[PDB]
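Okay, here we've got a single chain as structure tokens, the form deposited in one PDB entry, with questions on binding and movement later.
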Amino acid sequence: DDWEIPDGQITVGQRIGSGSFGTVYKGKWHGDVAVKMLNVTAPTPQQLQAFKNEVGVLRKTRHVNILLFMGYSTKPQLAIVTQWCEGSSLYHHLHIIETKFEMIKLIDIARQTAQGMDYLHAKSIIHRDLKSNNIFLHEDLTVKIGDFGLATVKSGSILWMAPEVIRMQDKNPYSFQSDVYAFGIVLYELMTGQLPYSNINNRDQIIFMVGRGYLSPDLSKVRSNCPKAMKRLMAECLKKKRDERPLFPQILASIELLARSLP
């Protein structure tokens, strides 16, 4: 298959954010789309190789809970195109507008997010930048997992980084478990309506402490009706040492099981 999208086809619109390799806009191409895109046609083989790699990953993802890849432009500017999510990111809902989701919808947002990752990890893909920001909500109902900028087979966003990633020896601290840890921090975002470590106000300290294992999210901050199995599961994903964290299959199952025992 060739998903290259010929020149002239796209009508690019309003700015949205600065994604890993460039700038996102709303655009049009057989309907509303998103277009992540590098503004310069000065594209060094560092930029032009990242792009080639993101596309290579996006083109292996066909799942309800992964953001639908649709195609790529080379000319005029480098561009990647995806489905447009009516509803914005999970970050926006939880922290910007403070949407008070029902506890069942929370558990489902978790369920679904886990499903996407599980699918991703079976396809042998490490997302490497999971976070509410990159989790998008479709008609406020369905979860779509986003920015594949960093992502691979075989960045000033710290709060979702496992300690070994904050630490650094290997060029390869990333694993399915380092993804599990970021997922851990999403469960917390969802169960607390809050980013972790708000008592601390100094970012560099957060970095140092997490990596050492002095800081770790305050689970007492969960909502009352948060099930104690969900409370116990956050703990599994947030376990300081990578080897004690469960992979997504067992996480799904646990969220599934706990969804069943539910008022």
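From 1 onward, residues are counted along the sequence shown. The term rigid core refers to the most C-alpha atoms you can superpose between the two forms while keeping them within 1.5 Å.
What comes next is about the form deposited in another entry, which is not displayed.
Of the candidates 195, 229, 50, 235, the Cα that moves 2 angstroms or more after core superposition between the shown form and the other one belongs to 50 alone.
Residue 7 is among the residues whose C-alpha shifts by 2 Å or more between the shown form and the other one once the rigid core is aligned. Shown in the overlay between the shown form and the other one, fitted on the rigid core, is a CA shift at residue 64 smaller than 2 Å. Residue 38 is among the residues whose C-alpha shifts by 2 Å or more between the shown form and the other one once the rigid core is aligned. In contrast to the form presented, in that other deposited form the C-alpha positions of residue 54 and residue 133 spread farther apart by 3 Å or more. Relative to this form, in that other deposited form the C-alpha atoms of residue 149 and residue 125 approach one another by 3 angstroms or more.
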